[PDB]
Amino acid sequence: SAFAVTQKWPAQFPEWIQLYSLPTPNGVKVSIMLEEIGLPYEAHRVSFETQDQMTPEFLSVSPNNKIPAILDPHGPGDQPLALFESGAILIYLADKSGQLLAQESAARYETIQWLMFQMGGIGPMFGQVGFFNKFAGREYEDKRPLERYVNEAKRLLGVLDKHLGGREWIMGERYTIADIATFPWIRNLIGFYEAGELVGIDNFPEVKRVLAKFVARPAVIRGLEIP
């Protein structure tokens, strides 16, 4: 470790996966993942209040200045590996543990398909609802932006609600990385963002059903508070 990132977050456990994150919907995706697959890891809180995500040290593992990011001392070829983007980390950790993602077949690509649905739709659009309802955008007088993203959030929820009808999880019977990527965001929309009534969350009983099942998993319960 002659690496820059460890100058701010030194590894007490320099053999385990290093986690640079914060209990946000995108961050808990990865901590939940690690808890679910039983891989040993060390967690470091990246504080936004002190702008830790803008430091050159953090930028060396995540040039996008965003959490989560990992640094696996024992990546492929037992060489160290840095990664950012929650979805990429999910796929990586799935491959490495052989868990929560089918090895091939139609099911693998359908799982990635729903993961992309979250990455390009759920995450970014719910994020906009948060800006316009919880943060600086709350004060904008023209409420058409808020309505645009509430309506998009409703459309996405309905797509997911229709899909979950008759299924235990997103991929039917098997719990997968798709669930791990999706439900922390639904949780955040109706909790921290206070948009539950706004998007009419009770109108999506299937989404609520699976969310309820998600947060009752002990691994999930741990991961939600980490770090």
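The numbering used is simple: start at 1 and walk along the sequence shown.
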Higher-B stretch (mean Cα B-factor, as the entry records it), 64-72 or 36-44: 36-44
Between 88-96 and 138-146 (mean CA B-factor, as deposited), the higher: 138-146
Residue, from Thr176, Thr55, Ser31, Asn26, that the PDB entry assigns the highest Cα B-factor: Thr55
CA B-factor placement of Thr111, once the chain's modelled residues are sorted into thirds: lowest
Record-listed C-alpha B factor of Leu211: chain third: lowest
Entry-reported Cα temperature factor of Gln79, expressed as the chain third it lands in: highest
Ranked against its chain, the third holding the CA B-factor of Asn133: middle
